[PDB]
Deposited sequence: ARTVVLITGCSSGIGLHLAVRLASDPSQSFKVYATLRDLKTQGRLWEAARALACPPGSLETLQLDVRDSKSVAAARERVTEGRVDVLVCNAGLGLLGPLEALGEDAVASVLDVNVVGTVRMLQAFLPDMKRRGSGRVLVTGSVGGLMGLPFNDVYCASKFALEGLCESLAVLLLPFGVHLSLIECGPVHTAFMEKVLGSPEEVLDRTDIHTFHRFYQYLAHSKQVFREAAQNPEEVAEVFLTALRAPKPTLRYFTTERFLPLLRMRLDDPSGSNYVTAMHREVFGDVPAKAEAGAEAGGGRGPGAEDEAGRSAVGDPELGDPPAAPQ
């Protein structure tokens, strides 16, 4: 179809749902290049596509490893239409655990995939959009890019990094007609490490707090996780907005914590509120 969409990280989760949502759109106006790091994981995407009866040719899979600029360049060459109307930077990795228990390689990988990988995509696709004077870039954000969460230090670092990157670009892009938007997701229905391993790399008190955090997050997920269909639709709302805003929120549930965070720049109200919220009183 006519609007060419390229999405990264479509093997599961939001990327998978978004790819099939667009490819199966009743208007048949989207051509979707769903990219994955490893093609051997494409089965779920095709099963979903078949379930939604995506018309033949509305969806194509490409292997694209955001850690490698050559892979990024090669996938761009595979876009037969010679243009990308909507670029969805969704590829992302999580990392949970006490900071001192995280391997340096794992820390570097999260940043390389989440942040540098997004930079690689923008460097490869943005020039063309600037030239044409049109294009939409949607970036999967997280409420973790808006406020710090204990035991998610590196993940939050990476999501905050995207906020800074995108906001900086948005200020420049205004006159180019290229729109960039972050879709700020809360928990969505869709890694960890052996207790033994974690305990071996941290102290007993940190380990105890980790347990409390895990218990707390499990509850937040139960109460607040959204269906992927609801979240994917927010991407569509952003891509159809004639004048998209910088951020779209999939839920308003965290806006108050965000405001408290915003109203006390010293950060002490937020730190204290979040600490009592997750652990209790200290």
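Residues of the deposited sequence that lack C-alpha coordinates fall in the stretches 191-195, 288-327.
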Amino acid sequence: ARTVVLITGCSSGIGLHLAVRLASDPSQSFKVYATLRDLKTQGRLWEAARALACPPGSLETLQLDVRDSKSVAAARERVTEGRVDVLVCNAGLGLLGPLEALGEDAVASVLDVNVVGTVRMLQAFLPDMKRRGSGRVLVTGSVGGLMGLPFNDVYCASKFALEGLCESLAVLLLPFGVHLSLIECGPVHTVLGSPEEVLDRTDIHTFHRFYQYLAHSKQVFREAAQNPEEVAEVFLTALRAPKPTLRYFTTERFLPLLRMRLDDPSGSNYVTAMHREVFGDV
From here on, numbers count along this sequence of modelled residues.
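The term rigid core refers to the maximal set of C-alpha atoms that superpose within 1.5 Å between the two forms.
With each structure aligned by its rigid core, the stretch whose Cα atoms sit farther from this model in 7 other deposited structures of this protein, between 194-202 and 126-134, is 194-202.
Looking at 222-230 and 235-243, the one farther from the shown form in 7 other deposited structures of this protein by average CA distance, after a rigid core fit, turns out to be 222-230. Comparing 157-165 with 203-211, the higher mean C-alpha B-factor in the PDB entry belongs to 203-211.
Annotation for 176-184 versus 137-145: the higher mean temperature factor (C-alpha) is found in 176-184. Across the residues 106, 113, 88, 75, the deposited record lists the maximum Cα B factor for 75. In this PDB entry, the Cα temperature factor of residue 15 sits in the bottom third of its chain's modelled residues, the lowest group.
Compared with the other modelled residues of the chain, the Cα B-factor recorded for residue 30 ranks in the middle third.
Ranked by C-alpha B-factor against the other modelled residues of its chain, residue 67 falls in the middle third.
When the CA B factors of the chain's modelled residues are split into thirds, the value for residue 282 lands in the highest one. Looking at the C-alpha B-factors along this chain, the one for residue 117 belongs to the lowest third.
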